[PDB]
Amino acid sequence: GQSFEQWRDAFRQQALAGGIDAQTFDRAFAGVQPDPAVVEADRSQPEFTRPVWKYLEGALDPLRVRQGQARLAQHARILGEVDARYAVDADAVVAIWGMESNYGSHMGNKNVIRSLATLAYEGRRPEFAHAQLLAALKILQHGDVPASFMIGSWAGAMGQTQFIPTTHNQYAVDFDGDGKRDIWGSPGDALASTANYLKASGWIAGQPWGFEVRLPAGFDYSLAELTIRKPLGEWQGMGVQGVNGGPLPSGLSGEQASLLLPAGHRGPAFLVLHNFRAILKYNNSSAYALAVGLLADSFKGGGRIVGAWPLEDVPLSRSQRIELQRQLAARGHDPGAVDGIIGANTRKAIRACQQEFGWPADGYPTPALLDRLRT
């Protein structure tokens, strides 16, 4: 509709047609108007880094590590039961909990119905918003939480787990048996829900998400690519070693792994395994998944990175990523659609350009590359 009131009246019809009761709808929308803060967040396609090392610094903050250790102790019984029942490592569940809501202290302060209605009414992704809004109304109808306490982020990610509504409906768990899947106020429900989602996403209990490695001299950096997987044994037969030298972890010889270079060839290198892919299902960002894995490791005194981070790591802004794609295309290295998103097609073009300049082909774009392109 044109007015918010008009849009809501029309959506109310769709909500009823989808099985939401009038009382649930009217209770959910009581007092609701568009939220400009949500509109701003939706619109803000940013202009600034990063870099991964500052992001990891915040994520691996000793304050967050110690708070997770405290939570592991406080909730040891529940976590033991969740770890055993879902076959998902407690440290990973708690690391996700820390990264998503700071173990429940930062769930956001926005009402999920207001936020999703705002996005449905005037957001850039109304298909997503409408779908999530109807799912959210189903959650209210089922009674998992009262409308007043259905809290989450601007994009509709909810509660301690930051599940979007359709993910809650599919994977949230009632751990304590009161009949509510309360990912807002019940640590047990939240933790079991997170575990259930990780397990559905392929988690193998006890298997590392990945680990730091040392690459051999004259390494083929075009292989550092998440879309390329190889057995650990094959990586070993390529000259990839443990971070201090010597063979890679034993027994895993047949495990498929990809090479992750979060700061290009001058930075630390990681082999990442299937459990890393599981974390990406939670949040499809390699920086996020690396932070979750290192945080999980940190609870037990791990998470130490041996390779130095490059001092000159200054990630490209939105503007620069678009400029990079245009300059690559102009030089004859086709990155595909100029969308300002560095994915596989752009990395392919970056690698060809790096090879043209005689640089290691790590597919990792830097201000130096952009300068050289402008010559």
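One rule holds for the numbers: they count along the sequence shown, beginning at 1.
- In this entry, the higher average B-factor at the C-alpha atoms falls on 16 to 24, of the pair 16 to 24 and 347 to 355.
- Once the C-alpha B-factors are averaged per stretch, 238 to 246 and 274 to 282 rank with 238 to 246 first.
- Listed residues 41, 70, 314, 63 were ranked by CA B-factor as deposited; 314 comes out on top.
- Across the options 128, 219, 121, 209, the residue with the most elevated CA B-factor in the record is 219.
- Looking at the C-alpha B-factors along this chain, the one for residue 231 belongs to the highest third.
- Ranked within its chain, residue 144 lands in the lowest third, by CA B factor from the PDB record.
- Looking at the C-alpha B-factors along this chain, the one for residue 98 belongs to the lowest third.
- The PDB entry assigns residue 256 a C-alpha temperature factor belonging to the highest third of its chain's modelled residues.
- Sort the chain's modelled residues by C-alpha temperature factor and residue 225 lands in the highest third, per the entry.
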